[PDB]
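Colleague: sequence and experimental coordinates follow.
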Amino acid sequence: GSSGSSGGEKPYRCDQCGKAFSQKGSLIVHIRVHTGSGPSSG
Ligand SMILES: [Zn+2]
């Protein structure tokens with residue numbers, strides 16, 4: 001019951017939403033929500 005608890009301190013951190021990832025690819029699958037990434041139907 002207490003927000004604000006960063007854990008990992010990874011280099012991969014999206015500035016669009018403010019998230020963190022351990023790998024690069026993992027982040028690539030997230031960009032789909034921000035910028036047109038890979039296929040996503042019409
Ligand atoms: Zn993001």
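Modeller: Received, thanks. Numbering: from 1, shown residues only.
Colleague: isn't residue 37 right next to residue 31, touching?
Modeller: Yes. Residue 37 lies in contact with residue 31 (CB atoms under 8 Å); the separation is 4.3 Å. All C-beta spots, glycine's among them, are computed from the backbone N, C-alpha and C.
Colleague: next, residue 32: phi, psi?
Modeller: phi -60, psi -30 (degrees, to the nearest 10).
Colleague: residues near it, how many?
Modeller: Residues within reach of residue 32, counting by other CB atoms under 10 Å, total 12.
Colleague: that one and residue 40: what is the separation?
Modeller: Residue 32 sits 6 Å away from residue 40, going by CB to CB, to the nearest Å.
Colleague: near the ion, which residues of this structure?
Modeller: Proximity of the chain to the ion (CB under 5 Å from the ion) is limited to residues 14, 16, 17.
Colleague: mind running it again at 6 Å?
Modeller: Taking CB under 6 Å from the ion as the contact definition, the chain meets the ion at 14, 16, 17, 19, 30, 34.
Colleague: where's the second one relative to residue 30, distance?
Modeller: Which is residue 16. Residue 16 is 9 Å from residue 30, where distance means CB to CB.
Colleague: the two: which has the busier surroundings?
Modeller: Using other CB under 10 Å as the criterion, residue 16 and residue 30 rank with residue 30 on top: 15 against 10.
Colleague: okay but that one is in contact with residue 18, surely?
Modeller: No. With contact defined as CB under 8 Å, residue 30 does not reach residue 18; the gap is 11.6 Å.
Colleague: wait, is residue 19 part of a strand?
Modeller: No. Looking at residue 19 with DSSP: H, G, I helix; E, B strand; the rest coil, it is coil, so not inside a strand.
Colleague: if I pick it, what's in contact with it?
Modeller: 13, 30 (CB atoms under 8 Å, 6 or more residues apart in numbering).
Colleague: again with residue 40
Modeller: Counted by CB under 8 Å, 6+ apart, residue 40 has contacts residue 32.
Colleague: and it, how close does it get to the ion?
Modeller: Distance from residue 40 to the ion, counting by CB to the ion, to the nearest Å: 15 Å.
Colleague: quick check: chain neighbours aside, which residue is closest to residue 8?
Modeller: Nearest residue to residue 8 in three dimensions, chain neighbours excluded: residue 20, at 5.6 Å (CB to CB, 6 or more residues apart in numbering).
Colleague: many thanks, I have nothing further to ask.
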